[PDB]
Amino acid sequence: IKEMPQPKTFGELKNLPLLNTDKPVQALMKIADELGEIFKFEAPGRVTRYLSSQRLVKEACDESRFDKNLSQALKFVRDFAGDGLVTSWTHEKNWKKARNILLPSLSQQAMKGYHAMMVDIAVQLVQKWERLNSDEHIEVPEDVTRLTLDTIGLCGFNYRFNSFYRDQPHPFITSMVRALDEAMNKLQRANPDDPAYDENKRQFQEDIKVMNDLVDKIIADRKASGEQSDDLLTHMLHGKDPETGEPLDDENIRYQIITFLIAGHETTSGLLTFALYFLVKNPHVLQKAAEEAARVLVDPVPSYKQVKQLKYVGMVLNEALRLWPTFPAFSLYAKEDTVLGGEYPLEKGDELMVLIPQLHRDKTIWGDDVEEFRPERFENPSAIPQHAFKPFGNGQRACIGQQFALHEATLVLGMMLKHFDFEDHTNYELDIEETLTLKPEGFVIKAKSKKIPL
């Protein structure tokens, strides 16, 4: 039984001022670097314990001892995502129901049906890069985000955001970013319920209205075309839970549309952006990935089966998720009084946070070269210790969109590597933007077409 490390406190503000930064996750990593595998973090009215070692994370991932917790961030996101899948408690009726109704439409088998629409958007990105003039460059997170948003829109909802027809942000995205920013900001307010912040609240309400106006158009467009489709929205609107026999109610459907539009593009856009960063910074790896893409993608557009053969591209993505998991922390609570790691007594309800990027740098698991980009670590994933690698969370509350994300990302990266040579023309220095999720900012590259037709 041991005292838990805790960083510097600031009187009645506790540890809160340590995260007065636009990069709180990266600040927590530096605290982990100093204090080690576990530390307590307190703010007015809350306490979390951050876990950074596989030794401790493996216990937290035991579902008989810990369940998924809504972190403070997720509680603020629930102000507009309600009891959709990401922001619902495991014990809430609508979690299990929506999980049962939606899980078949996101299986590996379902990806065979989504493939052609994923290819439609991927072809749009390739054609955009082919049409740039010689003096121009690619804004990487910008174009990738255009792709991921369009992909979830079209695959999930049969709705075209038409992101490649826009050089200005889509109104939906503007409002989403502003809502997520307000959530992130609220974390750093000692008393977020203070009247002082009433302006922030009314503007938040304006951002929620904009998002809800898009949900209205998505629903109305579906009603007007008819159900000539079997997508996520079809299952939301008409599916029934086998356990209970009930469908989702109207309010829960609306939260699921919001949930899936956001969750279904933002972390994927981060992954693709990081992957490209790591490839351009590691020429030898890029070379091996490009050779795989050239050998496998022998057709003018990729088939589903070809994407499954892009093994090395898959390993590249997993190594990007190892270094920079784009949903960077998940929360748990103790189901009962217990002791963690033989050392740390917890009460029922006590919160833990898995700091995934730091977990993924545990030298006892990965060896001393933890900071290097080496896809070959994922040559034999069976050998990786249980719960060492957790970019998609844990257990029954693990990412339901994992299959979708990896199919999309593998497909798109493969196509990029087949069609273009890339140049890091500015010698970009990694700058990671946090909007709850992680993504490189300011990353620009130039492409040289290999002039392969589509």
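Sequential numbering from 1, following the sequence displayed.
Higher mean CA temperature factor, per the PDB entry, when comparing 346 to 354 with 377 to 385: 377 to 385. Comparing 280 to 288 with 187 to 195, the higher mean C-alpha B-factor in the PDB entry belongs to 187 to 195. Per the deposited coordinates, the residue with the largest Cα temperature factor out of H238, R131, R146, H360 is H238. Comparing the C-alpha B-factors of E92, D150, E142, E319 in the entry, the top value falls on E92. Ranked within its chain, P7 lands in the lowest third, by CA B factor from the PDB record. Ranked against the other modelled residues of its chain, the C-alpha B-factor of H115 as given in the entry falls in the middle third. Sort the chain's modelled residues by C-alpha temperature factor and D369 lands in the highest third, per the entry. In the PDB entry, a CA B factor belonging to the highest third of its chain's modelled residues is recorded for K201. The entry lists a Cα temperature factor for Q402 that places it in the lowest third of the chain's modelled residues.
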